[PDB]
Amino acid sequence: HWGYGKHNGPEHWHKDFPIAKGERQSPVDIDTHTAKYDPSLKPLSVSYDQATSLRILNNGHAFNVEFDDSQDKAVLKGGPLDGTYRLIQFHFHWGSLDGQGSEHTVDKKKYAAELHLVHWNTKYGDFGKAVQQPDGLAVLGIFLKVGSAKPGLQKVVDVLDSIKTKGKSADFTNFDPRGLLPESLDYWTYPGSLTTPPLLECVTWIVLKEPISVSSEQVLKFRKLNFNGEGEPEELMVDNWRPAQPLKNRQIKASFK
Ligand SMILES: [Zn+2]
């Protein structure tokens, strides 16, 4: 039932998901002047050479590229994390307008879009057990700005016409998520939550400082997707982002001096 519209959108999620007013909700604004360098953060390790994408799907809120997480084929390690986190899916949030779209902000600056690579902690049995624990998920967040085209994104963009509406899916093999990374993996990290219902506070957030650059042509294809199912009145899939939430007692740690 929840969405991003006037009445089912983020400002009303708390009616059905009371955790929405919890102590470590995401996203948050990253105040660069308050986020301290932490020299105990170990280097961020990403092992994606054996990543096995399976399918792409429009679930009515975003589109998800799903991966085989049955073994350590595509794992995140290091940084603030203890243990091994398996990539399960990635998706985007974007705006109707280049000036908005990102979930996290940096000194209140909004980016045009935000990519989330979602991983879960093999400490737990599976995704379902991991989401129920404060140390269960690690989400790598990567800002998008409008500029030159992102070649590693073109394979995703080139299949969006086949998943225009909610419920549609398609096979989507051999996608290399490495092609979505920026040059620097300098990042900020803090403990937080899912940014969509059920909004569980199970996420170690790792937000990269350097955005990737995508083309107008590429984001205009994002904005052509539909929230609605085929045959229902069109609602364009745009502004599917949750705004910054209160930071409360939390500190953002920076990985760079
Ligand atoms: Zn997300």
# chains A, B, ... in the order shown; residues from 1 in each chain; ligands from 1
>>> closest_atom_pairs(of="chain A", to="ligand 1", cutoff="9 Å", atoms="only C-alpha atoms and all ligand atoms", output="Markdown table")
| residue | atom | partner | partner_atom_place_in_ligand_line | distance |
| --- | --- | --- | --- | --- |
| A:62 | CA | ligand 1 | 1 (Zn) | 8.5 |
| A:90 | CA | ligand 1 | 1 (Zn) | 7.8 |
| A:91 | CA | ligand 1 | 1 (Zn) | 6.2 |
| A:92 | CA | ligand 1 | 1 (Zn) | 6.1 |
| A:93 | CA | ligand 1 | 1 (Zn) | 6.3 |
| A:103 | CA | ligand 1 | 1 (Zn) | 8.0 |
| A:114 | CA | ligand 1 | 1 (Zn) | 7.7 |
| A:115 | CA | ligand 1 | 1 (Zn) | 7.0 |
| A:116 | CA | ligand 1 | 1 (Zn) | 5.1 |
| A:117 | CA | ligand 1 | 1 (Zn) | 8.0 |
| A:118 | CA | ligand 1 | 1 (Zn) | 8.0 |
| A:139 | CA | ligand 1 | 1 (Zn) | 8.2 |
| A:141 | CA | ligand 1 | 1 (Zn) | 8.1 |
| A:194 | CA | ligand 1 | 1 (Zn) | 7.3 |
| A:195 | CA | ligand 1 | 1 (Zn) | 6.0 |
| A:196 | CA | ligand 1 | 1 (Zn) | 7.1 |
| A:241 | CA | ligand 1 | 1 (Zn) | 8.0 |
>>> residues_around(residues="range 197-207 of chain A", least_positions_apart="4", cutoff="7 Å", atoms="only C-alpha atoms", output="VMD selection string")
chain A and resid 17 19 to 20 24 to 25 131 to 142 187 to 193
>>> residues_around(residues="residue 185 in chain A", least_positions_apart="5", cutoff="9 Å", atoms="only C-alpha atoms", output="PDB file with N, CA, C and O atoms, in the first residue's frame")
ATOM      1  N   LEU A  44      38.238  -0.721   2.639  1.00  0.00           N
ATOM      2  CA  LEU A  44      37.045  -1.305   2.031  1.00  0.00           C
ATOM      3  C   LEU A  44      37.423  -2.293   0.928  1.00  0.00           C
ATOM      4  O   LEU A  44      38.144  -1.944  -0.008  1.00  0.00           O
ATOM      5  N   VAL A 207      28.568   5.356   2.478  1.00  0.00           N
ATOM      6  CA  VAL A 207      28.190   6.299   1.429  1.00  0.00           C
ATOM      7  C   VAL A 207      29.451   6.897   0.825  1.00  0.00           C
ATOM      8  O   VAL A 207      30.204   7.603   1.510  1.00  0.00           O
ATOM      9  N   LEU A 208      29.651   6.651  -0.469  1.00  0.00           N
ATOM     10  CA  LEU A 208      30.852   7.112  -1.151  1.00  0.00           C
ATOM     11  C   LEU A 208      30.810   8.620  -1.389  1.00  0.00           C
ATOM     12  O   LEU A 208      29.786   9.186  -1.799  1.00  0.00           O
ATOM     13  N   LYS A 209      31.948   9.266  -1.131  1.00  0.00           N
ATOM     14  CA  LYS A 209      32.046  10.713  -1.300  1.00  0.00           C
ATOM     15  C   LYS A 209      31.967  11.102  -2.768  1.00  0.00           C
ATOM     16  O   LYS A 209      31.313  12.087  -3.123  1.00  0.00           O
ATOM     17  N   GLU A 210      32.630  10.350  -3.635  1.00  0.00           N
ATOM     18  CA  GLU A 210      32.721  10.719  -5.040  1.00  0.00           C
ATOM     19  C   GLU A 210      31.512  10.188  -5.799  1.00  0.00           C
ATOM     20  O   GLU A 210      31.280   8.971  -5.797  1.00  0.00           O
TER      21      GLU A 210
END
>>> residues_around(residues="range 158-173 of chain A", least_positions_apart="4", cutoff="7 Å", atoms="only C-alpha atoms", output="PyMOL selection string")
chain A and resi 52-60+154+225-230
